[PDB]
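Chemist:
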Amino acid sequence: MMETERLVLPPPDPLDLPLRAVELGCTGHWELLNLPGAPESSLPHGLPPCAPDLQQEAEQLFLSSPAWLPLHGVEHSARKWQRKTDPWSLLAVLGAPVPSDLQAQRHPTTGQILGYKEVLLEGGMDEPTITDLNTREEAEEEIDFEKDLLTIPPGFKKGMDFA
Amino acid sequence: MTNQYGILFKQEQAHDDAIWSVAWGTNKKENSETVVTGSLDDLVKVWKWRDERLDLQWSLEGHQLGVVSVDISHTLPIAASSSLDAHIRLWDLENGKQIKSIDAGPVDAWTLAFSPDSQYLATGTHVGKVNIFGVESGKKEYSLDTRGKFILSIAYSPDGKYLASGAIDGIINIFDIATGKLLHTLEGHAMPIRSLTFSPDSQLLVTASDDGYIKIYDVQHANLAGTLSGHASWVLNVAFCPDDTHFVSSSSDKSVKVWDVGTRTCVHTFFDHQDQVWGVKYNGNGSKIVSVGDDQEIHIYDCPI
Amino acid sequence: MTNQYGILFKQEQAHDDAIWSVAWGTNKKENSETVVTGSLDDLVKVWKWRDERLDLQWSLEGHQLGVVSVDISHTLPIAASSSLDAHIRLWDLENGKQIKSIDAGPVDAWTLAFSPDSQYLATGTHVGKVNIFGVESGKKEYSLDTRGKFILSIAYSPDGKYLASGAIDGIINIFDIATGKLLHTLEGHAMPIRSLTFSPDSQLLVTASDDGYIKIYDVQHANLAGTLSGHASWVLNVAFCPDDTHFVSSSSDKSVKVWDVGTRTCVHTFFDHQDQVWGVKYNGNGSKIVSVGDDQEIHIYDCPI
Amino acid sequence: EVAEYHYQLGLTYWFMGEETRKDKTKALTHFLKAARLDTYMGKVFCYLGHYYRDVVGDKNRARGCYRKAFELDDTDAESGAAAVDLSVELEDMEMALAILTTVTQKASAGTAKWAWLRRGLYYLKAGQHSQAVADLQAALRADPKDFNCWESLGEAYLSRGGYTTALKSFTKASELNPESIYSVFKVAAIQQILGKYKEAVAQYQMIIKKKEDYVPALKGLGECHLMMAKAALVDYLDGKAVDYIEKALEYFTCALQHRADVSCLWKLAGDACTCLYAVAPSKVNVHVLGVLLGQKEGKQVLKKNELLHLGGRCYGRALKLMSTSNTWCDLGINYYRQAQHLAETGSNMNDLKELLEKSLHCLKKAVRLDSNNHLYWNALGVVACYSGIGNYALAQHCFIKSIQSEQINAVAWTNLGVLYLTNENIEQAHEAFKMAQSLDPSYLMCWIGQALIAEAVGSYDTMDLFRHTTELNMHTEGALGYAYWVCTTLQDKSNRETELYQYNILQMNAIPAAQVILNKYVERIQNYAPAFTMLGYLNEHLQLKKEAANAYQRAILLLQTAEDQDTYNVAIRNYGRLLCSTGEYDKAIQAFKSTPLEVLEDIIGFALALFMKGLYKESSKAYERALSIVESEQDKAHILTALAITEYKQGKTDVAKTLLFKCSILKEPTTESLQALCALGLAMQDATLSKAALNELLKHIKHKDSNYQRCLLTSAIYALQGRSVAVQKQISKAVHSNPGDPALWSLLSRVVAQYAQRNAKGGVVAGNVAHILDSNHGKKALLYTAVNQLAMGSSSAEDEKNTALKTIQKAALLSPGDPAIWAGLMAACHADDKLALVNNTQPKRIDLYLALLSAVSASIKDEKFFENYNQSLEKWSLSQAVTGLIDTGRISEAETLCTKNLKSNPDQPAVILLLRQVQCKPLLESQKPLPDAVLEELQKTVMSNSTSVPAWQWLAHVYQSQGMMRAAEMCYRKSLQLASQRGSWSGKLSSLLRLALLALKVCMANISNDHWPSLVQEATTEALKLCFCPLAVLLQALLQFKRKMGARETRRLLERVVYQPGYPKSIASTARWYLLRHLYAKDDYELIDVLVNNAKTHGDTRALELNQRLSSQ
Amino acid sequence: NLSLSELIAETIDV
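Chains as they are written, first to last, in my numbering: chain U, 1 to 163; chain Y, 1 to 305; chain P, 1 to 305; chain X, 1 to 1113; chain F, 1 to 14.
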């Protein structure tokens, strides 16, 4: 390089117009603006990095670790379990409905509500020691459950017998 | 036994590109029926369904990239939207001219959600926090913190005091608005969630994931009520009915399905929307369904009570 | 009893890479014997067998990826070729400069086939349809639709009014040109077909599959006339003789075999082509056989009448 | 003797006061004499009635007097009413009814309000609701609109069953006089009756607001909360049930505060206390407040046993206040539940006999009180057959009696079937279960019994029966059975194509349902280690490793106090494996330390955890131990491969090579060993061992079903030798062989993006096809096609909706996690800015570089290791952001960024070059001379980081801008030589064109020393030899026109450039301009008109402008 | 075109 300055005429000439080029993409595609200034090239620094190269990719696919081997899989353990069943959990019991509704009252003539009293359907309030002892006080039907027991189910020819 | 379902309205070309979000708001006491959609553009066009059709009212713009999320308020006439442009500008929705403009990058806000009283407009960030802003008051007053990955979905219970949040890798977090402390974290799925919603009188949380499953969890505990698996592709959006009896889900297999929570089955499926469906919503009362898809079409259906 | 067979011509290196397609055309009334080959390049070089050898005439190019299919017309001097480049550009074959260029991706067109009157130049797409273009007239006037997987082979009867189509997973479809309605679907094989051909005065359709079997079906019904099993590897191309007495098949086991439909047996086998063979064709009269292989070599054989 | 005067004097004495009424001699004497003188003056007998009624009290005679008065004047409603009221007080209902009927028979249209009200209230008191209803409608239509009639009508309507008009009447009563609360309470009661408990609860709370002591509202709230708790217990929600039970108990005790004599409240409290049975002990802690726990003391916390004892006490109190068989049976059931809880936890044995005796006595008393209730008989039978008693004869008798009492008894039938089934009676148990199923198609216990029988007989549909049972009502037995069967079916590995595994485990989606089932089961029971292990195994299949680890941890805690041979060691091993998989390497090492390392599984897991943490020597030792132990040779080969891998991680590649060779010599190689050997050869630069290993893999291995891995290995083999062109050929061959497999198309797109980026159209097409072919490859496919479009530039039909910006936005939406997408977004924004500048319409998308850079950094920070790729990505992002900021004009922000980067770390040449460009943007923008010191600094900085064409081109531009033609030419030659040596192609063309432009410019200055035209000609000829450059041919035309000007050839060249198609608009415009110039010099008007119309067919303004300008000289 | 067996033999010898 000589580094001799070479002065160019300051006016281009109105009669002729400047040459401003622009580059578009990697695969050659140029064009031309009218207006004198920067070279104005698109993606000056290249395409961006995108994905890594195939050598690193295979190094990472295998030589990372032995965890991708099938000897450290979800299979290759040969598990086994032992079956327990429980018929007795198939018993069901229901609860009897409440026997009273606590139905309102009415004044006879010019119906008005005096209060609420509990009707039947068809000291020291902390509940101390209220348990019931000395049973068999009234007579209800005198039923016997110990001597003659049914054996034959309805619809069924014979019945299972227990000693 | 299955009720009669009919479209009754199909729009030919609402926008010029794929539609990414839709919001249906019965904000005013009278029959407003405001519909706001955003589709890969600056356009946040506001439509109105007056008697039997949709009429375009506003074509407001001012974004630079595709808008990814839009939301509408039920108390005051207002709307909000976010995009990849890194700008949260909320519109008036009456004259539609740029009430405000908030600066927040994709590292600061992804999706939008109005407060039940329309006061906070919370968003979710990349670093996992849940940034809560203030409408008409200020910027970035506080943010709930969780130690996780990118967060996608933000949901509010219709009575407050709750805030759910789905994230990439499937971890779901639940916060309480009153205190702001992490109550319990649900493992959920192994794929991104990108869809969450509560229910009225909120006691059920429905999650949609990227693996095709739909989990039904129970709030105030960690009990899951079941897993619904009827779709073949990704599930993108899930909306709940005003009454706790059905909910609509839209997947990537070009099918819009409506389920029922009581029996956990799909009562009906709509085979429309030849391309992916990016949004489904209910109206004020559970009679009509709006749906926007990847193809430039807005579909409204009819679901009787 | 087996006739005398001799090669009489072997080319050392026609191209620089694997050869994927070959077409032999006696287009003009006089002795033309035009041979067009395409091989994993932009080169669609056109050769001519004048008296006893091949002389390279054209080295026309202009593709970006490997060319997958080539075809030649029998009425007018013209040629066509398609590749993974998603471009169907048809050459003049007389002066050889890029008469036209049609845009169609691998999702729009895979293989080439000229009309019996050289007017339509149909191709097959991934979504299963059979796109039919128009030479000298226009682009994409219509396409026959079937609901299936990737389609590979497209065949025309030498009298018209028929169009067969083989697809990946073995499903074979037959259409009628007069109306364009699906007549009947044949289950075929459980592996891709990638080879089909009719016969003159067409009443026989010969299919080659990926499992080594060669089925001989009868058109206008669903009756199959037999199964020929002599090959050890994949069968890639099958061409039928001008007289309904023999047909040649090329497999992936480096062997070219000729069968006979009358007795269903292999009359001769050629042990050449040390690597896979991707194409075999007959000439105007059944006296010579051309064959291109995965190795860059062109073999011409001799089969007496 | 005037009766009227005597009457009026009697009235005078009556009204004078109470004293004159009490004096018997005036009022009575005058009324009796008047009544004697005139017997028809009914009013006199009425007033005698009043006198005797209120002063004397003789009700029977008074009634008779009022009756005669009403017989004399049937319009005197007062006498009639008083007669009726006294008849009712005298229990003489027949006379009262006769009177009321006579009145209402004469009352044709209303005007009998008193009688209607009497008869309606009487019939409401009696069991005559229909007659009461009729009387109430008549009274309502009488004319009065008072509520007291509307409420009576509504109550009667509710009593008969109607729920619509009752609500109407209650609403009317509330609307006309809101002060009444009973109507709103009855409305809430109706709402409660037809389900919808929440609305009833809200109404009850609103009612309790105004008045806090209404007992009915508290009772309603308690009942609603109890029903909600039971509904919650129908599903497996123990916390919800406990909370509802606590609230109901609070309301019940609040109501008991006010009314303590009501058996209803006591029995409801007992029911609420005993409802929480068999629900997760150590999860039930209830707050009970006030009087219930002896002395009133704040609030207390009770456990399950204490709650059951309180329920027993409440039942006892209710029984004491009211003796009913229902409460007797409830007390028996409560004692039975207490005995079950005492026995279940194993706290005691043989000391619960008293509770069973008490329950048996209470139940026997109840069943003997009324021996017609299937409920009592069934309860007695169930309690009798308890394991502590075992009276099967009495149980059978009771079940038969319950069946006989009512025919449709599915519960008794299934209880009998269960009893028969457990006593080895398969046939009769099946018969009883079938009977129960026929009598009730929607009962779960019978279905469970059928499934159990099918399993006991070894059928083929046991799994289907269990699945149907689990779907029906979520019972524990069916849950465990279905989970066990699914786990066993999954465990067997030879069923993969038997059409039983396929259907069972794929079409019905058995695994997720089993997982949910096991979660519910473990919530309810939570003392079954096998259930925990099954849940962990299922979670492992679902890739739910954290839940699996938690389940294994709980199983470990449960199993520590066990036999510990197989169960506990396996639990430890599984917990360690899961813990190691989710990081936590120290915890995995500790877990694998606490077990005997004598089994292959434990040793291999310990070795893997050690390797993951580090400690390669210990990992190798453990692997050698496993090798010493090994059998099952495939496992030995895998152990050898792992040993080679760990040896390589320690460097020392020769021993790993010998280990892989040893694995290869073995009788049958494995695919993993050969792949590892090929990759190891690739890691080194040998490239021959890799070829041999690839040949081995291709020769005799075909069962592998991954074309992507083999294609990738072959492509890497070809790329290692530096060919860089055969990679695309190999991948094209692979794609041709397998047209499916979208992974191959995506790989082709990526490879054409990286190597040989001249088939950019093909890459875009391949990316689009790969995105079309599937859905989960869309991310990478869209990224690659976006980069390929960026490479293309603007070589399209200028169509919207298909540009690189749109595709990169779509990719960003699909997965906003990777940094490459954000970097491509930055590049696309810059390219769009350049395109808009070229079209000269508007700049857009101006300022987002800082946000995109921050996003790139944040997304880079979260990757495991791609060190070199990450560094290149960050460098490119920073450089592009700085360049874009400089271009847009934010010099201060760029300078701050550069200064921060240089402060963060010591200087690196690239950042110093960026800082030089930032500083030199303001200076030399406007014409200004610069010191030679600054020029030397710039040249030195460019030298600092060499082998980069951009920097050399920039320094050449700086030299030219200040003006140094020789220096700029030298720099362009240096950049050209560097680009040609480095194998780049775009740089060579760019250097050629820039040199040609500079030399043509200097020649246009009409300078002497005509060597610049020679440079122009050589550069343009070389560019034309390289490729077809329209710019180069145009430069040739400009130079040739400047030299000759006049020579015809020049017009021919210009006409060729302007008329031959396939040319850019700007070059054609310039050629048109000079052609018009040359012809105006040549004075050919026909050709000028041809040029004008040619310009008019296309779009142009400048050519026409100059045409007009020179037309008017 | 060195195959696996030759490589193993050569490396074992050295």
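We treat Cβ as the ideally placed atom computed from N, Cα and C, and that holds for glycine.
Touch check for the stretch 66-81 of chain P and the stretch 110-121 of chain P: three-plus C-beta pairs under 8 angstroms?
Modeler: Touching, yes, given that three or more Cβ pairs across the two stretches are closer than 8 angstroms.
Chemist: Starting from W110 (chain P) and walking both ways along the beta strand (DSSP E), at which residues does that stretch end?
Modeler: The sequence position of residue 110 (chain P) within the third sequence is 110, counting from 1. It is not in any beta strand (DSSP E) - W110 (chain P) carries neither H nor E in the DSSP assignment.
Chemist: Which class does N1093 (chain X) belong to by DSSP, given the choice of helix, strand or coil?
Modeler: Residue 1093 (chain X) sits at position 1093 when you count from the first residue of the fourth sequence. It is helical.
Chemist: Spatial neighbours of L1087 (chain X) within its chain, please: C-beta separation below 8 angstroms, excluding the five flanking residues on both sides.
Modeler: Here residue 1087 (chain X) is taken as the residue at index 1087 of the fourth sequence, counted from 1. These residues qualify, in order along the chain: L1079.
Chemist: What is the rounded straight-line gap between the Cα of residue 1121 (chain X) and the Cα of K304 (chain X)?
Modeler: Since the first residue of chain X shown is 1 and the last is 1113, residue 1121 (chain X) is not available in this structure.
Chemist: Listed from N- to C-terminal order along the chain, which residues in the stretch 200-214 of chain P have their beta-carbon within a distance smaller than 9 angstroms of any beta-carbon of chain X?
Modeler: Answer set for the stretch 200-214 of chain P: empty.
Chemist: So what does DSSP say about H397 (chain X), is it helix, strand or coil?
Modeler: For the purposes of this step, residue 397 (chain X) is taken as residue 397 along the fourth sequence, with counting starting at 1. Reduced to three states, the DSSP call for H397 (chain X) is helix.
Chemist: Could you check whether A637 (chain X) and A607 (chain X) sit closer than 8 angstroms to each other, using their CB atoms as the reference points?
Modeler: Residue 607 (chain X) sits at position 607 when you count from the first residue of the fourth sequence. Residue 637 (chain X) sits at position 637 when you count from the first residue of the fourth sequence. Not closer than 8 angstroms, so no.
Chemist: Does the contact criterion of 3 or more C-beta pairs under 8 angstroms hold for the stretch 811-821 of chain X versus the stretch 48-56 of chain Y?
Modeler: Segments in contact, no.
Chemist: Could you tell me whether any Cβ in chain P is nearer than 8 angstroms to the Cβ of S991 (chain X)?
Modeler: Within the fourth sequence, residue 991 (chain X) is the residue found at index 991, counting from 1. So, not an interface residue.
Chemist: Just the C-alpha distance for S879 (chain X) and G576 (chain X), rounded to the nearest angstrom, thanks.
Modeler: Working through the fourth sequence from its first residue, we reach residue 879 (chain X) at position 879. Working through the fourth sequence from its first residue, we reach residue 576 (chain X) at position 576. Taking the straight line from one Cα to the other gives about 46 angstroms.
Chemist: Quick one: Cα of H1011 (chain X) to Cα of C1003 (chain X), how far?
Modeler: Along the fourth sequence, read from residue 1 onward, the residue named residue 1011 (chain X) stands at position 1011. Along the fourth sequence, read from residue 1 onward, the residue named residue 1003 (chain X) stands at position 1003. One C-alpha to the other measures close to 9 angstroms.
Chemist: Grab me the residues of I860 (chain X)'s own chain with a C-beta within less than 7 angstroms of its C-beta, minus the 5 sequence neighbours each way, in chain order.
Modeler: Residue numbering aside, residue 860 (chain X) sits at position 860 when the fourth sequence is read from its first letter. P819, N870, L873, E874.
Chemist: Please determine, among X:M1045, X:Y1074, X:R1048, X:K1025, the residue with the shortest C-alpha to C-alpha distance to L1034 (chain X).
Modeler: Reading the fourth sequence from its first residue, position 1034 is the one you call residue 1034 (chain X). When only C-alpha atoms are compared, the closest one is X:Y1074.
Chemist: Output yes or no for whether 8 angstroms exceeds the beta carbon distance between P192 (chain P) and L228 (chain P).
Modeler: Numbered from 1 along the third sequence, position 192 holds the residue referred to as residue 192 (chain P). Numbered from 1 along the third sequence, position 228 holds the residue referred to as residue 228 (chain P). Contact: no.
Chemist: Under 8 angstroms Cβ-Cβ, which residues of chain X neighbour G66 (chain P)?
Modeler: Position 66 of the third sequence, counted from the start, is the residue given in the question as residue 66 (chain P). Within chain X, the residues near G66 (chain P) are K729, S732, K733, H736.
Chemist: Can the beta-carbon of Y521 (chain X) be found less than 8 angstroms from the beta-carbon of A479 (chain X)?
Modeler: Numbered from 1 along the fourth sequence, position 521 holds the residue referred to as residue 521 (chain X). Numbered from 1 along the fourth sequence, position 479 holds the residue referred to as residue 479 (chain X). Against a cut-off of 8 angstroms, the Cβ pair of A479 (chain X) and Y521 (chain X) comes out as a contact.
Chemist: In this structure, does DSSP put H29 (chain U) in helix, strand or coil?
Modeler: The residue given as residue 29 (chain U) occupies position 29 in the first sequence. Here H29 (chain U) sits in coil by DSSP.
Chemist: Taking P106 (chain Y) as the query, report the chain X residues whose CB atoms sit under 7 angstroms from its CB, ordered along the chain.
Modeler: Residue numbering aside, residue 106 (chain Y) sits at position 106 when the second sequence is read from its first letter. The answer, in chain order, is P816, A851, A855.
Chemist: If you run the structure through DSSP and keep just helix, strand and coil, what is residue 1175 (chain X)?
Modeler: Residue 1175 (chain X) lies beyond the residue range present for chain X, which begins at 1 and ends at 1113; the question has no answer from this structure.
Chemist: Identify the contact partners of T227 (chain Y) in chain C, using a Cβ-Cβ distance below 9 angstroms as the criterion.
Modeler: Of the protein chains in this structure, namely U, Y, P, X and F, none is chain C.
Chemist: In chain F, what lies closer than 8 angstroms to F661 (chain X) by C-beta?
Modeler: In the fourth sequence, the residue the question calls residue 661 (chain X) occupies position 661. Going along chain F in sequence order, the residues near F661 (chain X) (Cβ under 8 angstroms) are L7, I8, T11, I12.
Chemist: Buried or exposed: which applies to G25 (chain U), given that a residue is buried once 16 or more other Cβ atoms fall within 10 Å of its Cβ?
Modeler: Taking the first residue of the first sequence as position 1, residue 25 (chain U) is located at position 25. Classification of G25 (chain U): buried, given that the 10 Å Cβ count is 16 or more.
Chemist: Could you tell me how far apart the beta carbons of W20 (chain P) and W278 (chain P) are, in whole angstroms, since I believe they sit closer than 8 angstroms?
Modeler: Here residue 20 (chain P) refers to the residue found at position 20 when the third sequence is read from its first residue. Here residue 278 (chain P) refers to the residue found at position 278 when the third sequence is read from its first residue. Confirmed, about 5 angstroms.
Chemist: Output the distance between the C-alpha atoms of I886 (chain X) and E937 (chain X), rounded to the nearest integer angstrom.
Modeler: Taking the first residue of the fourth sequence as position 1, residue 886 (chain X) is located at position 886. Taking the first residue of the fourth sequence as position 1, residue 937 (chain X) is located at position 937. Their Cα atoms are separated by approximately 20 angstroms.
Chemist: From the DSSP output, in three-state form, read off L559 (chain X) for me.
Modeler: Along the fourth sequence, read from residue 1 onward, the residue named residue 559 (chain X) stands at position 559. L559 (chain X) falls in the helix class under three-state DSSP.
Chemist: Which of the three DSSP states is assigned to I168 (chain Y) in this structure?
Modeler: Residue mapping note: residue 168 (chain Y) aligns to position 168 of the second sequence, counting from 1. Of the three classes helix, strand and coil, the one that applies to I168 (chain Y) here is coil, per DSSP.
Chemist: Which residues does DSSP list as the beta-bridge partners of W47 (chain P)?
Modeler: Translated into the one-based positions of the third sequence, residue 47 (chain P) becomes position 47. Partner(s): P:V35, P:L56.
Chemist: Label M1 (chain Y) either buried or exposed according to how many other C-beta atoms from any shown protein chain fall within 10 Å of its C-beta, with 16 as the threshold for buried.
Modeler: Position 1 of the second sequence, counted from the first residue, corresponds to residue 1 (chain Y). Answer is exposed; the Cβ neighbour count stays below 16.
Chemist: CA-CA distance, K691 (chain X) and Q977 (chain X)?
Modeler: To locate residue 691 (chain X), count along the fourth sequence from 1; it is residue 691. To locate residue 977 (chain X), count along the fourth sequence from 1; it is residue 977. In a straight line, the C-alpha of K691 (chain X) is about 35 angstroms away from that of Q977 (chain X).
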